[PDB]
Amino acid sequence: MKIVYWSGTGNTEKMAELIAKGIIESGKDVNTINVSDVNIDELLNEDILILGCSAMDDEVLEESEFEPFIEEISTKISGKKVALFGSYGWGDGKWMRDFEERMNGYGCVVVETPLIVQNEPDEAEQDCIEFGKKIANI
Ligand SMILES: Cc1cc2nc3c(=O)[nH]c(=O)nc-3n(C[C@H](O)[C@H](O)[C@H](O)COP(=O)(O)O)c2cc1C
């Protein structure tokens, strides 16, 4: 499987690493890829797309790299399974509710409840690992 993410200070990156750890612990292989290094064509062959991005202002996806990526793949992912995650700061998850609505709008099947964590995982570490285990059970 593959995990694609954008992280500005490392919070979401840390989540990505933990989610990957859960998938691997379940006996499966997974590669984490920063959005700047992703190859679209290779990503489109995946069964499940695991995507992550922190909340930028105001309650939107990161604009310079992550959103353009989402826009680019939007017309090629109908029927695909996706799992969403991200770290946020002061909000209540509005950016994620919108991210989930958007992916469903493109015809994607959002397989699990999106995982959101405030700031760095730390206390939510096991939660991240378990989220990965849930995805490996799909
Ligand atoms: C310019 C900017 C705008 C932000 N806007 C929001 C926001 O609208 N809602 C929110 O909850 N957090 C907001 N945050 C906080 C980040 O989502 C939060 O610090 C998160 O932990 C960053 O994770 P990352 O290191 O993976 O980027 C913003 C951060 C930055 C730098």
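By DSSP, what percent of the beta bridges with both residues in the chain are antiparallel, rounded to the nearest 5?
Working: 1 of 21 bridges.
Antiparallel bridges: around 5 percent, rounded to the nearest 5.
Can you show me the helix-derived [θ] at 222 nm for the chain, built from DSSP H runs with n ≥ 4 at -39,500 (n - 2.57) apiece and divided by the number of residues, rounded to the nearest 500. Walk me through the numbers on the way to the answer.
Numbers: 5 runs with 51 residues, N = 138.
So the helix-based figure for the chain works out to -11000 deg cm²/dmol.
Which ³J(HN,Hα) values in Hz, rounded to whole numbers, follow from the phi angles of the stretch 67-73 under the Karplus curve 6.51 cos²θ - 1.76 cosθ + 1.60, where θ = phi - 60° and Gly and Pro get x?
For the stretch 67-73, the Karplus-derived couplings read 4, x, 4, 4, 4, 4, 7 Hz, x marking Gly and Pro.
Once you have the Cα-Cα distance between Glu42 and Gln118, take 0.36 nm times their residue separation minus that, and quote the gain in nm to one decimal.
Computed gain between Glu42 and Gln118 is 24.3 nm.
Run the paramagnetic zone check for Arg102: 7 angstrom along Cα to Cβ, then residues of the stretch 1-29 with backbone nitrogen under 13 Å.
6
Please build a GNM for the chain, connecting alpha carbons under 10 Å apart, and tell me which residue among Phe99, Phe69, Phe85 fluctuates the most.
Top of the fluctuation ranking is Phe69.
Explain nothing, just the number: dipole magnitude of the chain about its Cα centre with +1 on each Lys and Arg Cβ and -1 on each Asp and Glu Cβ, in debye rounded to the nearest 20.
About 620 debye.
What ratio of Cα Rg to 2.2 N^0.38 Å holds for the chain?
Cα Rg divided by the expected 2.2 N^0.38 Å: 0.94.
Counting only the backbone N, which residues of the stretch 41-84 are under 11 Å from the spot 7 Å out from the Cα of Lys94 toward its beta-carbon?
Of the residues in the stretch 41-84, 57-60 have backbone N under 11 Å from the label point off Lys94.
Starting from the amide H of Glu112, placed 1.01 Å from N in the peptide plane, find each other amide H under 5 Å away whose residue is 5 or more places distant or on another chain.
Amide H to amide H, under 5 Å and 5 or more residues apart or across chains, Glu112 pairs with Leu84.
Bear in mind these aren't lab numbers, they're just calculated from the coordinates by the rules spelled out. Every residue, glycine as well, gets a Cβ built from its backbone with ideal geometry; the counts of neighbours run over all protein chains shown.
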